[PDB]
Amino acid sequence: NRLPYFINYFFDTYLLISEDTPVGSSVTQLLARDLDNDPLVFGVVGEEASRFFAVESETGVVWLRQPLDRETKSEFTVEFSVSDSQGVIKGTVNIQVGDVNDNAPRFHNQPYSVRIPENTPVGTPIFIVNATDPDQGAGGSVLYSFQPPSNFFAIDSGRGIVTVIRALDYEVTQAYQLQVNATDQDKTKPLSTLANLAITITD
């Protein structure tokens, strides 16, 4: 009797599963050969592995049994079994959880309030806004803007630095209420968040 062995590429590399994979989805089919042509039985081995995955024992089809979230657990290690009813073989698979853009930017250091004197020159940086996005790639990269755009202030798209771009006047306007939009850069479905910025003029 010779022991059966696993075929799939991912026993030697890794298996990618998207974090948006519906629970119940088949994520792969285990494949194995036996030089004796013995009928084969497949299994999943371990407590964490047996919560995440079920295996159809006669076909090797693997089902996801719990939702994934890359931002909570990005990778884990699982053991599958194959058996010819005389011996049992185990293979380890590294599971990588594939990222989707399922986070909108999150602001820190709120509320956002600044007092500036009315003599503040054009080009003066007055306040820094801060938003982060825990997604990977472009979906994790944030650009800042004013919604709607201001004639009196600008905000750096990259760094979130607010500047004065036209001279102020305490007489005309003693306060400004701005909306900072933070958008991620995903090509297909970008997500955005608005944050309040309060600017008070002194004299």
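Note that residue numbering follows the sequence shown and begins at 1.
Look at the mean CA B-factor for 71-79 and for 102-110 in the entry; the higher one is 71-79. The PDB entry records a higher mean C-alpha B factor for 49-57 than for its counterpart among 24-32 and 49-57.
Between the residues 13, 188, 193, 18, the entry's highest C-alpha temperature factor is the one at 188. The PDB entry assigns its highest CA temperature factor, among 176, 63, 144, 42, to 176. When the modelled residues of the chain are ordered by their C-alpha B factor, residue 7 lands in the lowest third. Ranked by Cα temperature factor within the chain, residue 97 sits in the lowest third according to the deposited record. For residue 131, the recorded CA temperature factor ranks within the lowest third of the chain's modelled residues.
When the modelled residues of the chain are ordered by their C-alpha B factor, residue 157 lands in the middle third. Among all modelled residues in this chain, the alpha-carbon of residue 137 has a temperature factor (C-alpha) in the middle third.
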